[PDB]
$ cat work.pdb   # PDB, C-alpha atoms and all ligand atoms
ATOM      1  CA  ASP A   1     -15.609  16.379   6.165
ATOM      2  CA  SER A   2     -13.845  17.667   9.355
ATOM      3  CA  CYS A   3     -11.006  15.022   9.215
ATOM      4  CA  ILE A   4      -7.381  15.638  10.332
ATOM      5  CA  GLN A   5      -4.623  14.096   8.179
ATOM      6  CA  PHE A   6      -1.291  12.450   9.099
ATOM      7  CA  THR A   7       1.143  13.805   6.424
ATOM      8  CA  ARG A   8       3.638  10.849   6.611
ATOM      9  CA  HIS A   9       0.955   8.049   6.658
ATOM     10  CA  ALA A  10       1.072   7.092   2.937
ATOM     11  CA  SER A  11       4.917   7.050   2.924
ATOM     12  CA  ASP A  12       5.025   4.948   6.178
ATOM     13  CA  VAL A  13       2.494   2.479   4.645
ATOM     14  CA  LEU A  14       4.623   2.096   1.489
ATOM     15  CA  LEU A  15       7.833   1.714   3.588
ATOM     16  CA  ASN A  16       6.135  -1.110   5.562
ATOM     17  CA  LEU A  17       4.860  -2.795   2.345
ATOM     18  CA  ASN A  18       8.464  -2.712   1.055
ATOM     19  CA  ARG A  19       9.700  -4.287   4.389
ATOM     20  CA  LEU A  20       7.140  -7.104   3.882
ATOM     21  CA  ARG A  21       8.412  -7.579   0.289
ATOM     22  CA  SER A  22      12.078  -7.710   1.557
ATOM     23  CA  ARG A  23      11.174 -10.419   4.130
ATOM     24  CA  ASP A  24       8.928 -12.243   1.577
ATOM     25  CA  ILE A  25       5.880 -11.809   3.875
ATOM     26  CA  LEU A  26       2.411 -12.350   2.335
ATOM     27  CA  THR A  27       3.786 -12.057  -1.257
ATOM     28  CA  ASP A  28       1.162 -13.795  -3.414
ATOM     29  CA  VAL A  29       2.599 -13.783  -6.935
ATOM     30  CA  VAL A  30       5.833 -14.424  -8.869
ATOM     31  CA  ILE A  31       6.512 -12.223 -11.938
ATOM     32  CA  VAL A  32       8.721 -14.124 -14.437
ATOM     33  CA  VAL A  33      10.904 -11.950 -16.732
ATOM     34  CA  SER A  34      13.341 -13.699 -19.164
ATOM     35  CA  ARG A  35      13.789 -16.542 -16.500
ATOM     36  CA  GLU A  36      14.339 -13.977 -13.661
ATOM     37  CA  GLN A  37      11.733 -14.288 -10.904
ATOM     38  CA  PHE A  38      10.347 -11.437  -8.768
ATOM     39  CA  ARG A  39       8.059 -12.019  -5.769
ATOM     40  CA  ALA A  40       5.515  -9.258  -5.010
ATOM     41  CA  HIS A  41       2.069  -8.371  -3.647
ATOM     42  CA  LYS A  42      -0.684  -8.323  -6.324
ATOM     43  CA  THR A  43      -2.349  -5.264  -4.706
ATOM     44  CA  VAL A  44       0.812  -3.131  -4.822
ATOM     45  CA  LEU A  45       1.441  -4.148  -8.478
ATOM     46  CA  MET A  46      -2.186  -3.193  -9.340
ATOM     47  CA  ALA A  47      -1.886   0.146  -7.453
ATOM     48  CA  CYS A  48       1.204   1.057  -9.585
ATOM     49  CA  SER A  49       0.580  -0.420 -13.045
ATOM     50  CA  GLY A  50      -2.299  -0.303 -15.532
ATOM     51  CA  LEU A  51      -1.124  -3.679 -16.907
ATOM     52  CA  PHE A  52      -1.211  -5.436 -13.477
ATOM     53  CA  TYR A  53      -4.520  -3.716 -12.659
ATOM     54  CA  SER A  54      -6.049  -5.245 -15.868
ATOM     55  CA  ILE A  55      -4.407  -8.685 -15.190
ATOM     56  CA  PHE A  56      -5.516  -9.110 -11.587
ATOM     57  CA  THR A  57      -9.093  -7.792 -12.169
ATOM     58  CA  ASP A  58      -9.522 -10.549 -14.781
ATOM     59  CA  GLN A  59     -11.739 -13.321 -13.299
ATOM     60  CA  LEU A  60      -9.309 -16.107 -14.438
ATOM     61  CA  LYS A  61      -5.934 -14.384 -14.063
ATOM     62  CA  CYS A  62      -6.716 -12.947 -10.572
ATOM     63  CA  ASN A  63      -6.140 -16.545  -9.284
ATOM     64  CA  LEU A  64      -2.737 -17.157 -10.912
ATOM     65  CA  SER A  65       0.367 -17.356  -8.662
ATOM     66  CA  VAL A  66       2.743 -16.947 -11.676
ATOM     67  CA  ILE A  67       2.634 -14.229 -14.387
ATOM     68  CA  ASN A  68       5.007 -14.427 -17.377
ATOM     69  CA  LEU A  69       5.934 -11.117 -18.982
ATOM     70  CA  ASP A  70       6.563 -10.609 -22.718
ATOM     71  CA  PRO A  71      10.066 -11.988 -23.620
ATOM     72  CA  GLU A  72      11.129  -8.544 -24.929
ATOM     73  CA  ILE A  73      10.996  -7.224 -21.315
ATOM     74  CA  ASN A  74      14.398  -6.699 -19.728
ATOM     75  CA  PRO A  75      14.752  -8.096 -16.129
ATOM     76  CA  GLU A  76      16.881  -5.128 -14.942
ATOM     77  CA  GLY A  77      14.261  -2.651 -16.281
ATOM     78  CA  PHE A  78      11.569  -4.608 -14.443
ATOM     79  CA  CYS A  79      13.626  -4.777 -11.206
ATOM     80  CA  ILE A  80      14.141  -0.936 -11.283
ATOM     81  CA  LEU A  81      10.388  -0.409 -11.778
ATOM     82  CA  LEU A  82       9.433  -2.930  -9.062
ATOM     83  CA  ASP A  83      11.763  -1.026  -6.666
ATOM     84  CA  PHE A  84      10.055   2.256  -7.718
ATOM     85  CA  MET A  85       6.594   0.760  -7.041
ATOM     86  CA  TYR A  86       7.586  -0.048  -3.443
ATOM     87  CA  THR A  87       9.699   3.060  -2.683
ATOM     88  CA  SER A  88       8.741   6.044  -5.012
ATOM     89  CA  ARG A  89      12.501   6.050  -5.968
ATOM     90  CA  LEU A  90      13.510   5.517  -9.596
ATOM     91  CA  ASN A  91      17.127   4.492 -10.352
ATOM     92  CA  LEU A  92      17.214   6.170 -13.793
ATOM     93  CA  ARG A  93      20.646   6.150 -15.525
ATOM     94  CA  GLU A  94      21.989   6.748 -19.076
ATOM     95  CA  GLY A  95      22.699   2.975 -19.273
ATOM     96  CA  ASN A  96      19.174   1.846 -18.348
ATOM     97  CA  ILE A  97      16.790   4.660 -19.491
ATOM     98  CA  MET A  98      15.746   2.948 -22.767
ATOM     99  CA  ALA A  99      14.946  -0.405 -20.998
ATOM    100  CA  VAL A 100      13.194   1.432 -18.121
ATOM    101  CA  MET A 101      10.984   3.522 -20.486
ATOM    102  CA  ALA A 102      10.104   0.434 -22.646
ATOM    103  CA  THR A 103       9.202  -1.533 -19.471
ATOM    104  CA  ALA A 104       7.145   1.426 -18.038
ATOM    105  CA  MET A 105       5.224   1.710 -21.360
ATOM    106  CA  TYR A 106       4.413  -2.053 -21.275
ATOM    107  CA  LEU A 107       3.465  -1.913 -17.531
ATOM    108  CA  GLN A 108       1.404   1.290 -18.156
ATOM    109  CA  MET A 109       3.180   3.449 -15.515
ATOM    110  CA  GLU A 110       2.428   6.881 -17.060
ATOM    111  CA  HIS A 111       4.438   9.064 -14.635
ATOM    112  CA  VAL A 112       7.606   6.964 -15.216
ATOM    113  CA  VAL A 113       7.075   7.098 -19.028
ATOM    114  CA  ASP A 114       6.763  10.943 -18.658
ATOM    115  CA  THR A 115      10.088  11.483 -16.758
ATOM    116  CA  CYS A 116      11.924   9.070 -19.183
ATOM    117  CA  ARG A 117      10.610  11.012 -22.230
ATOM    118  CA  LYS A 118      11.814  14.303 -20.603
ATOM    119  CA  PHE A 119      15.285  12.948 -19.587
ATOM    120  CA  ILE A 120      15.773  11.555 -23.157
ATOM    121  CA  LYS A 121      14.675  14.921 -24.730
ATOM    122  CA  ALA A 122      17.243  16.793 -22.541
ATOM    123  CA  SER A 123      20.130  14.628 -23.943
ATOM    124  CA  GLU A 124      19.225  15.145 -27.679
TER     125      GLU A 124
ATOM    126  CA  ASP B   1      22.110   6.298  -4.628
ATOM    127  CA  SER B   2      21.406   8.709  -7.567
ATOM    128  CA  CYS B   3      17.596   7.967  -7.657
ATOM    129  CA  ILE B   4      14.884  10.536  -8.558
ATOM    130  CA  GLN B   5      11.652  10.426  -6.517
ATOM    131  CA  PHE B   6       7.990  10.916  -7.516
ATOM    132  CA  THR B   7       6.543  13.005  -4.608
ATOM    133  CA  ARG B   8       2.872  11.861  -5.073
ATOM    134  CA  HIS B   9       3.674   8.099  -5.564
ATOM    135  CA  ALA B  10       2.937   6.891  -1.989
ATOM    136  CA  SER B  11      -0.349   8.883  -1.845
ATOM    137  CA  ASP B  12      -1.434   7.579  -5.329
ATOM    138  CA  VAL B  13      -0.643   3.979  -4.208
ATOM    139  CA  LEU B  14      -2.765   4.386  -1.050
ATOM    140  CA  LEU B  15      -5.616   6.020  -3.064
ATOM    141  CA  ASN B  16      -5.594   2.997  -5.435
ATOM    142  CA  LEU B  17      -5.516   0.508  -2.500
ATOM    143  CA  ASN B  18      -8.577   2.318  -1.081
ATOM    144  CA  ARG B  19     -10.338   2.063  -4.540
ATOM    145  CA  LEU B  20      -9.670  -1.719  -4.480
ATOM    146  CA  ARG B  21     -11.128  -1.894  -0.931
ATOM    147  CA  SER B  22     -14.264   0.088  -2.074
ATOM    148  CA  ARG B  23     -14.833  -2.346  -4.995
ATOM    149  CA  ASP B  24     -13.981  -5.381  -2.772
ATOM    150  CA  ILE B  25     -11.083  -6.338  -5.105
ATOM    151  CA  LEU B  26      -8.478  -8.815  -3.770
ATOM    152  CA  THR B  27      -9.619  -8.291  -0.122
ATOM    153  CA  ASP B  28      -8.386 -11.405   1.706
ATOM    154  CA  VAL B  29      -9.726 -11.076   5.251
ATOM    155  CA  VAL B  30     -12.878 -10.150   7.204
ATOM    156  CA  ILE B  31     -12.403  -8.325  10.545
ATOM    157  CA  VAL B  32     -15.369  -9.068  12.866
ATOM    158  CA  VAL B  33     -16.158  -6.375  15.491
ATOM    159  CA  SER B  34     -19.236  -6.863  17.770
ATOM    160  CA  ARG B  35     -21.021  -8.684  14.791
ATOM    161  CA  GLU B  36     -20.033  -5.884  12.315
ATOM    162  CA  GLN B  37     -17.886  -7.176   9.449
ATOM    163  CA  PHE B  38     -15.130  -5.245   7.637
ATOM    164  CA  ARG B  39     -13.387  -6.567   4.509
ATOM    165  CA  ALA B  40      -9.744  -5.495   4.010
ATOM    166  CA  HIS B  41      -6.303  -6.397   2.646
ATOM    167  CA  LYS B  42      -4.036  -8.144   5.208
ATOM    168  CA  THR B  43      -0.951  -6.249   3.925
ATOM    169  CA  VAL B  44      -2.513  -2.804   4.419
ATOM    170  CA  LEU B  45      -3.715  -3.783   7.941
ATOM    171  CA  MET B  46      -0.163  -5.001   8.784
ATOM    172  CA  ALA B  47       1.411  -1.802   7.341
ATOM    173  CA  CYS B  48      -0.806   0.328   9.679
ATOM    174  CA  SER B  49      -1.180  -1.674  12.903
ATOM    175  CA  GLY B  50       1.236  -3.404  15.281
ATOM    176  CA  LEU B  51      -1.591  -5.793  16.265
ATOM    177  CA  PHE B  52      -2.322  -6.888  12.642
ATOM    178  CA  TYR B  53       1.423  -7.086  11.928
ATOM    179  CA  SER B  54       1.800  -9.577  14.864
ATOM    180  CA  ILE B  55      -1.384 -11.518  13.821
ATOM    181  CA  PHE B  56      -0.539 -12.010  10.156
ATOM    182  CA  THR B  57       3.172 -12.863  10.770
ATOM    183  CA  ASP B  58       1.988 -15.732  13.000
ATOM    184  CA  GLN B  59       2.460 -19.046  11.106
ATOM    185  CA  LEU B  60      -1.113 -20.247  11.975
ATOM    186  CA  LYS B  61      -3.054 -16.972  11.939
ATOM    187  CA  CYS B  62      -1.508 -15.742   8.628
ATOM    188  CA  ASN B  63      -3.849 -18.301   6.922
ATOM    189  CA  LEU B  64      -7.119 -17.223   8.582
ATOM    190  CA  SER B  65      -9.778 -15.471   6.437
ATOM    191  CA  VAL B  66     -11.686 -14.251   9.562
ATOM    192  CA  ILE B  67     -10.257 -12.361  12.585
ATOM    193  CA  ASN B  68     -12.482 -11.649  15.610
ATOM    194  CA  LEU B  69     -11.580  -8.579  17.647
ATOM    195  CA  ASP B  70     -11.979  -8.286  21.438
ATOM    196  CA  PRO B  71     -15.713  -7.709  22.286
ATOM    197  CA  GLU B  72     -14.845  -4.417  24.051
ATOM    198  CA  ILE B  73     -13.906  -2.927  20.627
ATOM    199  CA  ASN B  74     -16.460  -0.493  19.241
ATOM    200  CA  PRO B  75     -17.369  -1.031  15.510
ATOM    201  CA  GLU B  76     -17.567   2.733  14.780
ATOM    202  CA  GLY B  77     -14.085   3.265  16.323
ATOM    203  CA  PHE B  78     -12.766   0.430  14.160
ATOM    204  CA  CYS B  79     -14.486   1.777  11.003
ATOM    205  CA  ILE B  80     -12.899   5.267  11.576
ATOM    206  CA  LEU B  81      -9.454   3.668  11.999
ATOM    207  CA  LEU B  82      -9.876   1.385   8.958
ATOM    208  CA  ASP B  83     -10.764   4.513   6.902
ATOM    209  CA  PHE B  84      -7.619   6.238   8.293
ATOM    210  CA  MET B  85      -5.448   3.240   7.312
ATOM    211  CA  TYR B  86      -6.587   3.532   3.679
ATOM    212  CA  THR B  87      -6.714   7.354   3.389
ATOM    213  CA  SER B  88      -4.410   9.066   6.036
ATOM    214  CA  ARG B  89      -7.631  10.935   7.119
ATOM    215  CA  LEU B  90      -8.899  10.567  10.686
ATOM    216  CA  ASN B  91     -12.537  11.520  11.437
ATOM    217  CA  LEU B  92     -11.848  12.547  15.062
ATOM    218  CA  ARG B  93     -14.834  14.125  16.899
ATOM    219  CA  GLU B  94     -15.786  14.893  20.543
ATOM    220  CA  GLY B  95     -18.385  12.072  20.293
ATOM    221  CA  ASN B  96     -15.956   9.379  19.109
ATOM    222  CA  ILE B  97     -12.488  10.343  20.508
ATOM    223  CA  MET B  98     -12.623   7.945  23.505
ATOM    224  CA  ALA B  99     -13.650   4.926  21.305
ATOM    225  CA  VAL B 100     -11.091   5.905  18.618
ATOM    226  CA  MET B 101      -8.197   6.199  21.145
ATOM    227  CA  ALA B 102      -9.157   2.871  22.870
ATOM    228  CA  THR B 103      -9.315   1.138  19.444
ATOM    229  CA  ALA B 104      -5.957   2.719  18.319
ATOM    230  CA  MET B 105      -4.296   1.529  21.580
ATOM    231  CA  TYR B 106      -5.589  -2.050  20.997
ATOM    232  CA  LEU B 107      -4.576  -1.966  17.268
ATOM    233  CA  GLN B 108      -1.160  -0.439  18.214
ATOM    234  CA  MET B 109      -1.434   2.641  15.928
ATOM    235  CA  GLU B 110       0.960   4.936  17.861
ATOM    236  CA  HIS B 111       0.493   8.133  15.801
ATOM    237  CA  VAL B 112      -3.326   7.967  16.228
ATOM    238  CA  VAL B 113      -2.940   7.324  20.005
ATOM    239  CA  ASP B 114      -0.634  10.437  20.107
ATOM    240  CA  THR B 115      -3.103  12.881  18.409
ATOM    241  CA  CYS B 116      -6.021  11.521  20.578
ATOM    242  CA  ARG B 117      -3.990  12.079  23.795
ATOM    243  CA  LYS B 118      -3.218  15.683  22.635
ATOM    244  CA  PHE B 119      -6.842  16.502  21.583
ATOM    245  CA  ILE B 120      -8.119  15.143  24.966
ATOM    246  CA  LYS B 121      -5.468  17.196  26.907
ATOM    247  CA  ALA B 122      -6.581  20.398  25.061
ATOM    248  CA  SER B 123     -10.224  19.926  26.285
ATOM    249  CA  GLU B 124      -9.316  19.418  30.022
TER     250      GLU B 124
ATOM    251  CA  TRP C   1      -1.088  16.087  11.739
ATOM    252  CA  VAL C   2      -2.669  18.813   9.524
ATOM    253  CA  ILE C   3      -6.012  20.217   8.366
ATOM    254  CA  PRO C   4      -6.144  18.718   4.796
TER     255      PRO C   4
ATOM    256  CA  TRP D   1       9.831  14.408  -9.672
ATOM    257  CA  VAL D   2      12.531  15.589  -7.193
ATOM    258  CA  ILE D   3      16.068  14.861  -5.989
ATOM    259  CA  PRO D   4      15.262  13.086  -2.641
TER     260      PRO D   4
HETATM  261  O1  LIG A 201      -0.033   4.768 -14.944
HETATM  262  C1  LIG A 201      -0.881   4.090 -14.363
HETATM  263  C2  LIG A 201      -0.836   3.619 -12.925
HETATM  264  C3  LIG A 201      -2.132   2.877 -12.766
HETATM  265  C4  LIG A 201      -2.694   2.202 -11.687
HETATM  266  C5  LIG A 201      -3.929   1.562 -11.838
HETATM  267  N1  LIG A 201      -4.528   1.136 -10.630
HETATM  268  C6  LIG A 201      -5.796   1.331 -10.171
HETATM  269  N2  LIG A 201      -6.556   2.263 -10.790
HETATM  270  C7  LIG A 201      -7.782   2.446 -10.287
HETATM  271  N3  LIG A 201      -8.341   1.824  -9.250
HETATM  272  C8  LIG A 201      -7.568   0.924  -8.637
HETATM  273  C9  LIG A 201      -6.277   0.643  -9.052
HETATM  274 CL1  LIG A 201      -5.353  -0.559  -8.231
HETATM  275  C10 LIG A 201      -4.626   1.680 -13.045
HETATM  276  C11 LIG A 201      -4.067   2.348 -14.130
HETATM  277  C12 LIG A 201      -2.808   2.924 -13.981
HETATM  278  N4  LIG A 201      -2.041   3.638 -14.910
HETATM  279  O1  LIG A 202       2.009   2.126  15.411
HETATM  280  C1  LIG A 202       2.393   1.181  14.721
HETATM  281  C2  LIG A 202       2.157   0.988  13.237
HETATM  282  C3  LIG A 202       2.871  -0.299  12.941
HETATM  283  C4  LIG A 202       3.031  -1.028  11.766
HETATM  284  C5  LIG A 202       3.735  -2.237  11.792
HETATM  285  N1  LIG A 202       4.062  -2.760  10.520
HETATM  286  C6  LIG A 202       5.258  -3.208  10.044
HETATM  287  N2  LIG A 202       6.372  -2.903  10.746
HETATM  288  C7  LIG A 202       7.528  -3.333  10.227
HETATM  289  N3  LIG A 202       7.711  -4.021   9.101
HETATM  290  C8  LIG A 202       6.602  -4.293   8.408
HETATM  291  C9  LIG A 202       5.344  -3.900   8.832
HETATM  292 CL1  LIG A 202       3.954  -4.320   7.900
HETATM  293  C10 LIG A 202       4.346  -2.656  12.979
HETATM  294  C11 LIG A 202       4.185  -1.935  14.158
HETATM  295  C12 LIG A 202       3.427  -0.768  14.127
HETATM  296  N4  LIG A 202       3.119   0.121  15.165
HETATM  297 CL    CL A 203       4.051   5.822 -12.604
HETATM  298 CL    CL A 204      -0.817   5.458  13.368
END

$ encode --input "work.pdb" --output "structure tokens"
Amino acid sequence: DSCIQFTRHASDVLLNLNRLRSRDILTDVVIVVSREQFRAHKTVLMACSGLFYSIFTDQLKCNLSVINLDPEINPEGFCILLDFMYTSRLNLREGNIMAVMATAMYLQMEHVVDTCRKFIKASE
Amino acid sequence: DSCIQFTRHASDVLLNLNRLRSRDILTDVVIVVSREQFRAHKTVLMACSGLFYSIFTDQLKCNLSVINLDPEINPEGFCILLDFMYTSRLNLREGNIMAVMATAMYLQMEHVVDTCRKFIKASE
Amino acid sequence: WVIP
Amino acid sequence: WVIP
């Protein structure tokens, strides 16, 4: 087509979605991790994760307001990934990289799994 | 902080939100324009428009599944702006610029109003 | 704004 | 990935 494009649009949209999350506005699901609860928007979770995409496109699960993750999932790893989903920023540290990579593999967040694999390979 | 950032994350999120819109997945509102209906996600509309932000933060309106726009709003102008919200791409043409700018002013989409004002000023 |  |  002959469209023009606003370079900062996608980033401004994500920034606003994160402001809604902060203020708990229109959040429609609670993700339960080892008795740690995280409120979020189903659409953002689906846009970021192959696991949430599969969950919320399921005719029965699409209507659930609570999703319980596998007990092996670490709440801090999940929190770091949820922050990444809403900001593009990943708080990757020596102390959390194993939990973050394991959580990203479970959530099916391929780009996160990729940078974790590379950061781990650099330290060996 | 000491975060790393994935450059294409915001764009990939918006692309996925637009794929959900295309497939009518988890759309939670219908916007009615001169008897033309548009399905969308409330959170994306709020992230893009000062008008939708004000509407869906209202304690009564936040629960509506149908929103009727002012009858002076042109459906094509709205359609072009809805596409922009989900893609960052604005289909601005000599034949639609007046309707697009009027719709962007009503929706409170300041960056769109700005480029319309500039494109109009260039043609005078 | 840019030409994409 | 970048340093923001
Ligand atoms: O690594 C990843 C990130 C990711 C996101 C999604 N999401 C969607 N895919 C396609 N259409 C709509 C949506 Cl919402 C699916 C798989 C994966 N895998
Ligand atoms: O031009 C514009 C675009 C736009 C978006 C919004 N959205 C939000 N603002 C702040 N926190 C959350 C959200 Cl969702 C408000 C005003 C305007 N004005
Ligand atoms: Cl990812
Ligand atoms: Cl705008």

$ atom_distance --input "work.pdb" --atom1 "atom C10 of ligand LIG 202 (chain A)" --atom2 "atom CA of residue B:87"
17.7 Å

$ residues_near_ligand --input "work.pdb" --ligand "ligand CL 203 (chain A)" --cutoff "7 Å" --atoms "all atoms listed in the file" --output "count of residues only"
5

$ resolve_selection --input "work.pdb" --expression "the PyMOL selection byres (((chain C and resi 3) around 7) and not hetatm)" --output "list in words"
residues 4 and 5 of chain A; 2 and 4 of chain C

$ residues_near_ligand --input "work.pdb" --ligand "ligand CL 204 (chain A)" --cutoff "12 Å" --atoms "only C-alpha atoms and all ligand atoms" --output "ChimeraX atom specification"
/A:5-10,12-13 /B:45-51,81-90,100-101,103-116 /C:1

$ axis_aligned_box --input "work.pdb" --around "ligand LIG 202 (chain A)" --padding-each-side "5 Å" --output "JSON"
{"center_x": 4.9, "center_y": -1.1, "center_z": 11.7, "size_x": 15.7, "size_y": 16.4, "size_z": 17.5}

$ atom_distance --input "work.pdb" --atom1 "atom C1 of ligand LIG 202 (chain A)" --atom2 "atom CA of residue B:99"
17.7 Å

$ build_atoms --input "work.pdb" --residues "stretch 94-122 of chain B" --atoms "N, CA and C atoms" --output "CSV table (one decimal), in the frame of the given file"
chain,number,residue,atom,x,y,z
B,94,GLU,N,-15.6,15.0,19.1
B,94,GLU,CA,-15.8,14.9,20.5
B,94,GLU,C,-16.6,13.6,20.9
B,95,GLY,N,-17.5,13.2,20.1
B,95,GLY,CA,-18.4,12.1,20.3
B,95,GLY,C,-17.8,10.7,20.0
B,96,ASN,N,-16.6,10.7,19.4
B,96,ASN,CA,-16.0,9.4,19.1
B,96,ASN,C,-14.5,9.2,19.6
B,97,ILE,N,-13.9,10.3,20.1
B,97,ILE,CA,-12.5,10.3,20.5
B,97,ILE,C,-12.1,9.2,21.5
B,98,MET,N,-12.9,9.0,22.5
B,98,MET,CA,-12.6,7.9,23.5
B,98,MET,C,-12.6,6.6,22.9
B,99,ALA,N,-13.6,6.2,22.0
B,99,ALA,CA,-13.6,4.9,21.3
B,99,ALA,C,-12.5,4.8,20.3
B,100,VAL,N,-12.2,5.9,19.6
B,100,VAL,CA,-11.1,5.9,18.6
B,100,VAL,C,-9.8,5.7,19.3
B,101,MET,N,-9.5,6.4,20.4
B,101,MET,CA,-8.2,6.2,21.1
B,101,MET,C,-8.1,4.8,21.7
B,102,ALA,N,-9.1,4.2,22.3
B,102,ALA,CA,-9.2,2.9,22.9
B,102,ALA,C,-8.9,1.8,21.8
B,103,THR,N,-9.5,2.0,20.6
B,103,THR,CA,-9.3,1.1,19.4
B,103,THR,C,-7.9,1.3,18.9
B,104,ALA,N,-7.3,2.5,18.8
B,104,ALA,CA,-6.0,2.7,18.3
B,104,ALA,C,-4.9,2.1,19.3
B,105,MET,N,-5.2,2.2,20.6
B,105,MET,CA,-4.3,1.5,21.6
B,105,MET,C,-4.3,0.0,21.4
B,106,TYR,N,-5.4,-0.6,21.2
B,106,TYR,CA,-5.6,-2.0,21.0
B,106,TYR,C,-4.9,-2.5,19.7
B,107,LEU,N,-5.1,-1.7,18.6
B,107,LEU,CA,-4.6,-2.0,17.3
B,107,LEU,C,-3.1,-1.6,17.2
B,108,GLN,N,-2.6,-0.9,18.2
B,108,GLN,CA,-1.2,-0.4,18.2
B,108,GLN,C,-0.9,0.5,17.0
B,109,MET,N,-1.6,1.6,17.0
B,109,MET,CA,-1.4,2.6,15.9
B,109,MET,C,-1.0,3.9,16.7
B,110,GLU,N,0.3,3.9,17.0
B,110,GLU,CA,1.0,4.9,17.9
B,110,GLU,C,0.7,6.4,17.5
B,111,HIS,N,0.7,6.7,16.2
B,111,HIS,CA,0.5,8.1,15.8
B,111,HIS,C,-0.9,8.6,16.1
B,112,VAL,N,-1.9,7.7,15.9
B,112,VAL,CA,-3.3,8.0,16.2
B,112,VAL,C,-3.5,8.1,17.7
B,113,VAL,N,-2.9,7.2,18.5
B,113,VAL,CA,-2.9,7.3,20.0
B,113,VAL,C,-2.4,8.7,20.5
B,114,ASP,N,-1.3,9.1,19.8
B,114,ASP,CA,-0.6,10.4,20.1
B,114,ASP,C,-1.6,11.6,19.9
B,115,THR,N,-2.2,11.7,18.7
B,115,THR,CA,-3.1,12.9,18.4
B,115,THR,C,-4.4,12.9,19.3
B,116,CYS,N,-4.8,11.7,19.7
B,116,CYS,CA,-6.0,11.5,20.6
B,116,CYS,C,-5.7,12.0,22.0
B,117,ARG,N,-4.5,11.6,22.5
B,117,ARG,CA,-4.0,12.1,23.8
B,117,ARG,C,-3.9,13.6,23.8
B,118,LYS,N,-3.4,14.2,22.8
B,118,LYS,CA,-3.2,15.7,22.6
B,118,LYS,C,-4.6,16.4,22.6
B,119,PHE,N,-5.5,15.9,21.7
B,119,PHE,CA,-6.8,16.5,21.6
B,119,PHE,C,-7.6,16.4,22.9
B,120,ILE,N,-7.5,15.3,23.6
B,120,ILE,CA,-8.1,15.1,25.0
B,120,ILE,C,-7.5,16.1,26.0
B,121,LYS,N,-6.2,16.3,26.0
B,121,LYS,CA,-5.5,17.2,26.9
B,121,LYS,C,-5.9,18.7,26.7
B,122,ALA,N,-6.2,19.0,25.4
B,122,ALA,CA,-6.6,20.4,25.1
B,122,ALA,C,-8.0,20.7,25.6
